[PDB]
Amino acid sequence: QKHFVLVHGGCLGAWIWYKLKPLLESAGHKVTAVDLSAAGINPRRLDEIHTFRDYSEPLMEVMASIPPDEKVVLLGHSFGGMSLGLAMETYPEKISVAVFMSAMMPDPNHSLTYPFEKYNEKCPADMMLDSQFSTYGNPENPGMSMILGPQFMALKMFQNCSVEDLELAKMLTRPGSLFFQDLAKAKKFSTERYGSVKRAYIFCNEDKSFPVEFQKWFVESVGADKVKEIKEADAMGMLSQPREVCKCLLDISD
């Protein structure tokens, strides 16, 4: 038995893991799927969350409650990788392996905004399609909020998923933030902390929102201890290939 803590990306929520949580449990493991602040059915509203630590606070509540005797495996995807990073900085010893599936993997050597800068470098400005962006917070120093466009979701996140999974996410997706202006002010991670945590990576070769060539770039520039691939996972591998993410994760963790 291991304890997996599962962390969703932006605009999503704990619900994305609904297909993978049973699977890990039927193999005999403990699973936690967290909702981050203003995501899923978390009661907070976006415009009351201005920092990324505030956003990541329900993950941090989980990590503080890992008994002294225990460790967890973390799985994050997309923007979830950033929360994995804070978890890994603050509680390095409570994590046996941090697993990043088609996620940005922070590097103690750069500002926390660096994977975002590199994404703008490597991807076109129209990458998010019908998604839409607006400022919130103080007009004097603003946040950016985003909503996922229906086409963006169908073509570029859930394209190897059932229309059912696509429909559920339209019902459940909420405005998100990538916290860029706050992340630009956050303390960097260190190698003594963040950097002491074994890391794994799971490629999702068919992720059109985060192309594999760019996922491959985080492993080449930061490194990972283990690395797997899902030939047919899209951005939502946990929904499109839930049995393969399970298999990868038991491999990585055993």
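Position 1 is the first residue in the sequence shown; the rest follow in order.
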- [ ] For the higher mean C-alpha B factor in the entry, choose 227 to 235 or 9 to 17.
- [x] 227 to 235
- [ ] Tell me which of 41 to 49 and 63 to 71 has the higher mean C-alpha B-factor in the deposited entry.
- [x] 63 to 71
- [ ] Name the one of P175, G137, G149, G80 with the greatest CA B-factor according to the PDB entry.
- [x] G137
Task: Out of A27, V197, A200, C204, highest CA B-factor residue - done: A27
Open item on the list: Is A186 in the lowest, middle or highest third of its chain when residues are ranked by C-alpha B-factor?
Closed with: highest
Open item on the list: Ranking every modelled residue in this chain by its Cα temperature factor as given in the entry, which third contains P92?
Closed with: highest
Open item on the list: How does the C-alpha B factor of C161 compare with the rest of the chain: lowest, middle or highest third?
Closed with: middle
Task: Record-listed C-alpha B factor of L86: chain third - done: lowest
- [ ] Consider only the C-alpha atoms of the modelled residues in this chain, order them by B-factor as the entry records it, and name the third containing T113: lowest, middle or highest.
- [x] middle
